[PDB]
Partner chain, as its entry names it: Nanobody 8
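A single chain comes next, written as structure tokens; it is the form deposited without the partner chain.
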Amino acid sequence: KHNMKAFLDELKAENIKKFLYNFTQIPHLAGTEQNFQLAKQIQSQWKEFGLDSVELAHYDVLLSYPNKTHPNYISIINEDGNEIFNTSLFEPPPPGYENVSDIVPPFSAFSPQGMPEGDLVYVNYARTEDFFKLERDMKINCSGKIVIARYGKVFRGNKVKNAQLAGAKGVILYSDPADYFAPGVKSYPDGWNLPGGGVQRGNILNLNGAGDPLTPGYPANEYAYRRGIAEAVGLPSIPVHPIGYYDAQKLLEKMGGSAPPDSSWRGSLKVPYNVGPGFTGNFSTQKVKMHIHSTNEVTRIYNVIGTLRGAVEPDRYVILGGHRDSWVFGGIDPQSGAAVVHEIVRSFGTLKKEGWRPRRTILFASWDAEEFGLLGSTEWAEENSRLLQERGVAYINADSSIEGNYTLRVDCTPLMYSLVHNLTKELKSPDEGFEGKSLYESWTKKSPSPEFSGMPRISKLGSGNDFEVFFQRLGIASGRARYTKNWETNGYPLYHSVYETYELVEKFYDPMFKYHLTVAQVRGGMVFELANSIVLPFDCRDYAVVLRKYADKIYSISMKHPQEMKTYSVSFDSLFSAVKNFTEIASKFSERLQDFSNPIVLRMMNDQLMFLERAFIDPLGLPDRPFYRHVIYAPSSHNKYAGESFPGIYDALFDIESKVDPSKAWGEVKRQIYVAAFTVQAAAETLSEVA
């Protein structure tokens, strides 16, 4: 038989291992020749594996690279302008790669050029609340200072935005062992920890869903009109550069001014973590000087798009996508995901060669330039938005398959909760101690739901990966899954460093490739069910449950201000009414879906299911973020990686007690309540009988 079991049994750990090795021998930085060669390799192989068509879709987008003959670095500089200490020009390469060429040195992609000199201020994680503490409570002024911030907690682009708005003239990002060195494990090559010479690369844009900075709304094709750099979306206005903790210790050890306000501001280095501004008395006249010379350059990128045409509903697309570009070798990020996709394509293609076709069309994507701002996925979705709007069933992401070896992690739309529970009850746990038990059982035991006994945690989707355009702009049901760490004992330490290699994975994370295989089973199984189930495997009642939770949550935030809710007549009644209606209507729709031989009623019903995530899209977008259009979920305005629920109302409430004109501020809260209640009611109404 050709059923899900046939598909799942064909997946092999040994094949994922071979592909991972194959994809991680040389760097595949977006825009480089090596990455174009790997795109052509994947295109050829997906053809051989049996897909109906496999094409390259290319775009010319803004990328950013260091200057090879004018390296970026940071100095401590004395009274005379002598540079008495310089940060490293490259990470010491790992064993056996010391002769690999074209390893891009650590840099912050899209930093402007400059050589700012100034006094340091230490701003902890450079979160919104860190700057509030500095400015409001400690009365420290960052204006015209160089800020030094530890990586961690939030997306680095939010850190740079927050430093910019505080008036900083430069930002230094570093990896503190508190956040990147797990107690009791050795540094790479001897363990999975970050060494003191290790440095995390990464872009520092604030694109808010725009994709290529020069072409927001439209694909960056051959005839595209591009904005000038001055009007580009998301670019930082101050220079930024990342360093490791050996170098950080040298910049921090001399820090003076004020002490850290409390222990949450202290990392693990043997330094005081003084906030400054500037150095202690002896060194008070030394300054810090950045030298940044990177350039932004329009550069060609290549997505690979494979199609397995559906036998019954070819105009319904289920998409499995993840990126191919890496900062260096991409041993975890992204190739651990790309190898899993490669083996999924191979398994589907094996079934196809035996005569099977899925019910719906499956599209497979190897995206480019994810590391530079989700550019490949976004430009493709911009090009194909009308097809995706009207035909897109679901998007399953496939970046890193592992960030630990403890248990499963799933983030997805509520519409896929039931599918995930059901699929994981049918899969074997790879975990020690759970031999012969289901993945559902191991996962639920290790990661219990905070709301429900006997159920596993499933998180909201945030952003910082290629599902953003599909979910938050276009409203296509989306999900992701990987193996993760115990967030109780301790991202992963070697993230975006040169040390993320095949050997890291094979020696320390997944020597048997059993966690990779489990993740291939979850991702591929989801794609299988979505593309093959007669009735789409979405349960609208699961959205009704979560909408009530989010309504309670946002009402609770507002209720911290009872006097203002009285004064400005701020009512949540319409939002709870809408959520009640959604719950009633979804319950009735579910009865019909179970109670309805009629392919038109079915597809009618399949379309109601497919367009339900679509209904939460507001074509006017969220305030000042036109490409975040989903009214229930957006990336947090303080941390792109985190999802926020009822984001329009959340941001209207955030720090409201500091607003100068409360009448205006609470009016905007009321406006966002109206928009949310309306959108929830309108989405409910798409599930009513159609006529």
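Numbering follows the first chain given and starts at 1.
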Requested in this report: If the chain runs straight from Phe596 to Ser597, say none; otherwise bin the unmodelled deposited residues as 1 to 3, 4 to 9, or 10 or more.
Outcome: 1 to 3
Query raised in the report: As recorded in the PDB entry, how many deposited residues are without coordinates between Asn490 and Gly491: none, 1 to 3, 4 to 9, or 10 or more?
Result: 1 to 3
Query raised in the report: Looking only at CA atoms, which has the higher mean B factor in the entry: 202-210 or 136-144?
Result: 136-144
**Report entry** Stretch with the greater mean C-alpha B-factor as recorded in the entry, comparing 39-47 against 623-631
**Finding:** 39-47
Report summary line: Of the residues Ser111, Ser447, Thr215, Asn581, the one whose Cα carries the largest B-factor in the deposited record is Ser447
**Report entry** Candidate residues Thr413, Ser187, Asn606, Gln472, the one whose C-alpha B factor the record puts highest
**Finding:** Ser187
Report summary line: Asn384: C-alpha B-factor third of its chain, per the entry, is the lowest
Report summary line: Here the Cα B-factor of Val61, set against its chain, lands in the third termed lowest
Query raised in the report: Mind checking which third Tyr273 falls in for C-alpha B-factor across the chain?
Result: highest
**Report entry** Within-chain third of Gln335 by Cα B-factor, per the entry
**Finding:** lowest
Query - Position of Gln286 among the chain's modelled residues by C-alpha B-factor, lowest, middle or highest third - result: highest
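Beyond the structure shown, there is the form deposited with the partner chain bound, which is absent from this document and is the topic of what follows.
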Query raised in the report: Looking at 260-268, 86-94, 334-342, 414-422, which one sits within 4.5 Å of the partner chain in the entry with it bound if you count heavy atoms only?
Result: 86-94
Query raised in the report: So, in the entry with it bound, is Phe155 in contact with the partner chain at a 4.5 angstroms heavy atom limit?
Result: no
Query - Contact test in the entry with it bound: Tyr174 vs the partner chain, heavy atoms, 4.5 Å - result: no
Query raised in the report: Counting only non-hydrogen atoms and a 4.5 angstroms cut-off, does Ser533 reach the partner chain in the entry with it bound?
Result: no
**Report entry** Heavy atom of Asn82 within 4.5 Å of the partner chain in the entry with it bound
**Finding:** yes
Report summary line: Answer key: of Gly197, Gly404, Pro277, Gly464, within 4.5 Å of the partner chain in the entry with it bound (heavy atoms) is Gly197
Query raised in the report: Which of these residues, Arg541, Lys133, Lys250, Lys161, gets a heavy atom within 4.5 Å of the partner chain in the entry with it bound?
Result: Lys250
Report task. For the stretch 246-270, return the residues whose heavy atoms include at least one within 4.5 Å of the partner chain in the entry with it bound, in the order they occur. Result -> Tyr246, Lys250, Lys254
